[PDB]
Each structure stands twice: as structure tokens, then as C-alpha cells.
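Only this structure's heavy atoms are used, side chains among them; waters, hydrogens and symmetry mates stay out. Order of the sequence lines sets the chain letters (A, B, ...), proteins ahead of strands, with each chain counted from 1.
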Amino acid sequence: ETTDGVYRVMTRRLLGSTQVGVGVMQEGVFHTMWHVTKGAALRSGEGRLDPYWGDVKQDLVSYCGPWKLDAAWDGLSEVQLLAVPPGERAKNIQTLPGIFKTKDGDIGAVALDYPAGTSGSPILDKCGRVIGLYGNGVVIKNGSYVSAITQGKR
Amino acid sequence: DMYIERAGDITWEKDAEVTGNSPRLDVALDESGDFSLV
Ligand SMILES: CC(C)[C@H]1NC(=O)[C@H](NC(=N)N)CCCCNC(=O)[C@H](CCCCN)NC(=O)[C@H](CCCCN)NC(=O)Cc2cccc(c2)CNC1=O
């Protein structure tokens, strides 16, 4: 089953389950960060989702088809992280992104701190389009966190 | 085994909490997908 929405990625280990990440189902494709699944297959009810496209450097992977998320941050509007933390209800957090300055151009970045298993939570523009996924970032001097707004090439 | 389970609809929420600053950081991205502060 591939109904559009946001999903937890779980691993059944030892006894109960552990949430290792989060992803987005859109246009029949599942989208998440590579470090969540390590690029391995996923179960969805009784159905198996096979990796289709992925890139360790971008830290992304799509399942069942090519990356479908094509909307981009507009570089000046506030965005929302739809955070789906382990053991907690999905919730929206609005923020004005900062910027990762790289030798190859600027990336929007959000200074919001959640557990590792929140990785893959989508970041949204005001139209509700997913403009990237949360969770590949850096830890700055005081220990707080800044995540790139990571988006694939559609 | 890894499996997925639905967690919600994807929507903008109008009455949303607003928080976090807007840092500007010089970073490098290496071939392993790690960002590092420069
Ligand atoms: C809330 C709770 C406090 C939780 N918080 C976090 O874990 C992160 N918040 C933070 N304030 N530390 C947000 C993690 C968001 C999900 N994203 C990842 O989990 C990727 C997974 C890797 C993707 C790699 N391509 N991790 C990174 O982006 C970065 C940056 C990697 C830098 C590479 N030079 N690593 C870390 O934060 C590891 C770390 C360091 C010190 C201390 C800790 C955890 C202990 N804190 C925690 O347990």
C-alpha cells in the first residue's frame, strides 16, 4: 500500500519496534534519507518496497520509482517542519531557515533539534509542498543542531 | 526487518509554533554525505 502521506520507518528488533526515521509517500514513491534505511528494502503492510534511486552524498533514497519531490525553498519565506519524532505525535513547527554556505552554493537550513529517528521528516512550504527532508546537518558550538533542507533532483 | 507505518497527512498548519534562529554557516559536504563546519 502506497497512500500519500508521512510515515514512520520502523525496525522490529529483539522485542518491540524502534523508529529509525520518517519518509514521504508521494505519487506512489517513498522518499527518505539514506542514513535511515541504508538503502535496504522496506515492508509496507504485506507489500515489499524496493529501492529505485539513491545517492549517499545527497543522503537520499527513493523507493518504487524516481524521486518525485521537486518543490524548492523560495529563499526567503518561513517553512514548516512536520516533525514526526519517535514515540510522539506528528506536529508542525514553523521557522525561518538559515543557510549552509558551500563552495557550490547555498542550501536552506533549519535550526530545529529532534531525536535521530525524526530523520526524513518533511519540510514544507506554505502550499504544503515538500521542499526537502530533515536530518542531514551539523552540530554547532553550543551543541544545538542545524539541518539542511535536503531536496532531490526530480 | 524495516517497515513503514502511516503517521499523518502532509499539511501546513496555520496556528503553528514559530521558533529557531536562522544561522548562516560555512559548511563542506563530503562524498559520504557528511556536512562539516569549515
Ligand atoms: C534530541 C537528542 C538530543 C538527539 N539529537 C541529535 O541526535 C541531533 N541534534 C544534536 N543537537 N546533536 C539531531 C539529529 C537529527 C537527525 N539527524 C541525524 O541523526 C544525523 C545522522 C547522520 C547523517 C550523516 N550524513 N546526524 C546529524 O546530522 C548530526 C551532524 C553530523 C555531523 C557530521 N560532521 N549528528 C549529530 O547530531 C550526532 C550527535 C552529536 C552530539 C550529540 C548527540 C548526537 C546526542 N543528541 C541526540 O541524541
Side-chain angles (χ1 to χ4, degrees), chain A residues 3-12 17 20 22-26 30 34-35 37 40-45 49 55-59 78 80 82 84 90 92-104 107 109-112 122 124-125 127-128 130 136-138 140 146 148, chain B residues 1-14 16-38:
Chain A
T3 167
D4 290 356
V6 65
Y7 289 69
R8 315 172 183 266
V9 185
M10 315 291 300
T11 62
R12 270 276 178 64
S17 312
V20 292
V22 181
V24 173
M25 195 69 66
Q26 180 170 314
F30 192 65
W34 181 90
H35 73 261
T37 61
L42 295 169
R43 172 168 71 78
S44 188
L49 305 189
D55 186 67
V56 157
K57 179 170 185 175
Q58 300 177 232
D59 195 14
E78 285 173 10
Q80 284 183 8
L82 172 44
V84 181
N92 289 62
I93 302 287
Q94 194 159 319
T95 195
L96 178 65
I99 303 277
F100 282 1
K101 297 144 144 179
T102 84
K103 65 174 160 210
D104 291 310
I107 306 168
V110 289
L112 298 174
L124 316 181
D125 74 18
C127 287
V130 178
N136 198 26
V138 297
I140 57 166
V146 190
Chain B
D1 75 304
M2 268 181 326
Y3 61 99
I4 64 171
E5 58 189 24
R6 202 157 178 287
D9 295 3
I10 300 182
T11 83
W12 183 274
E13 183 212 329
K14 206 61 221 76
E17 207 197 316
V18 188
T19 185
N21 63 316
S22 310
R24 295 186 263 165
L25 302 164
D26 301 306
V27 310
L29 173 67
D30 71 14
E31 290 308 293
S32 305
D34 292 339
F35 287 107
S36 63
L37 295 166
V38 313

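Distance check, rounded to the nearest 0.5 Å: CG of B:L25 to CD1 of A:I99 gives 10.0 Å. Taking NZ of A:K57 as the start and CG of B:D34 as the end, the distance is 11.5 Å to the nearest 0.5 Å. For the atom pair A:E78 CD and B:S22 OG, the distance stands at 8.0 Å (nearest 0.5 Å). With rounding to the nearest 0.5 angstrom, the CG atom of B:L37 is 7.5 Å from the CZ atom of A:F100.
For A:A41, the part lying near chain B is the backbone, with the side chain staying farther off; criterion is any non-hydrogen pair under 4.5 Å. The part of A:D4 that comes within reach of chain B is its backbone (N, CA, C, O), which places non-hydrogen atoms under 4.5 angstrom from that chain. A:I107 touches chain B through its side chain: at least one heavy atom from C-beta onward sits under 4.5 Å away, while N, CA, C and O do not. Heavy atoms of A:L112 lying under 4.5 Å from chain B belong exclusively to its side chain. For A:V56, the parts sitting under 4.5 Å from any heavy atom of chain B are the backbone and the side chain alike. The contact between B:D9 and chain A is made entirely by backbone atoms, counting heavy-atom distances below 4.5 Å.
With respect to chain B, the highest number of heavy-atom pairs below 4.5 Å among A:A109, A:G137, A:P122 belongs to A:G137.
A salt bridge links A:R43 with B:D1: the closest approach of a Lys/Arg side-chain nitrogen to an acidic carboxylate oxygen falls below 4.0 angstrom.
A heavy-atom distance below 4.5 Å is not found between the side chains of A:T95 and B:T19. Residues A:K101 and B:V27 are not in side-chain contact: their nearest non-hydrogen atoms beyond the backbone lie 4.5 Å or more apart. Using a 4.5 Å heavy-atom threshold, the side chains of B:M2 and A:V9 count as touching. By the 4.5 Å heavy-atom criterion applied to side chains, A:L96 and B:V18 are not counted as neighbours.
Side chain of B:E5 to backbone of A:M10: no donor-acceptor contact under 3.5 angstrom is found.
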task = I would like to know whether B:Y3 and A:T11 meet side chain to side chain donor-acceptor pair (under 3.5 Å); could you show each step before the answer?
result = CA-CA 6 Å; B:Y3 61 99; A:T11 62; over 6 Å; no

